[PDB]
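These notes concern the structure reproduced below.
2 protein chains.
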Amino acid sequence: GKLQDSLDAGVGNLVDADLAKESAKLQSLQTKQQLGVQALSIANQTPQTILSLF
Amino acid sequence: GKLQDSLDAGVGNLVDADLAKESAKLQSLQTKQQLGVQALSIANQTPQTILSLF
């Protein structure tokens, strides 16, 4: 019984995620995706200023 | 995907026009055309003055 509990703890150490850090990484990745989509929305229309010359 | 975007940027640099310069070239070429038309209209009557001598 102790041996099976040790193997379960070892498999969990081999695989289990660090969720307390995963919360911060997710909260940062959301802001990164939002800044990236806003940057793409800025990039889309810079060529369009050429119409002002004509 | 990166290589395809790079090839698109490369072929575009091979082909894409300097449109901002093209606006100035257009605005100048129109004026040069109208000055050429006025120059031809002035050139038309130079022989015609000989009739005044008779």
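Protein chains in written order, with the authors' numbering: chain J, 218 to 271; chain K, 218 to 271.
From the three backbone atoms N, C-alpha and C, an ideal C-beta is built for every residue, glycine too.
Quiz prompt | Assigned secondary structure, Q251(K) (DSSP; H/G/I helix, E/B strand, else coil) | solution = helix
Exercise. In angstroms with no decimal places, state the Cα-to-Cα distance between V254(K) and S245(K).
Key: 14 Å
Exercise. Note down, in chain order, all residues in the segment 218 to 243 of chain K with a beta-carbon under 7 Å from any beta-carbon belonging to chain J.
Key: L236, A237 and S240
Self-check item: Distance, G218(J) Cα to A237(J) Cα
Solution: 30 Å
Self-check item: Closer than 8 Å to chain K by CB, residue 315(J)
Solution: This structure does not reach residue 315(J), given that chain J is present from 218 up to 271, and the question cannot be answered.
Quiz item: How is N261(J) classed by DSSP in three states: helix, strand or coil?
Solution: coil
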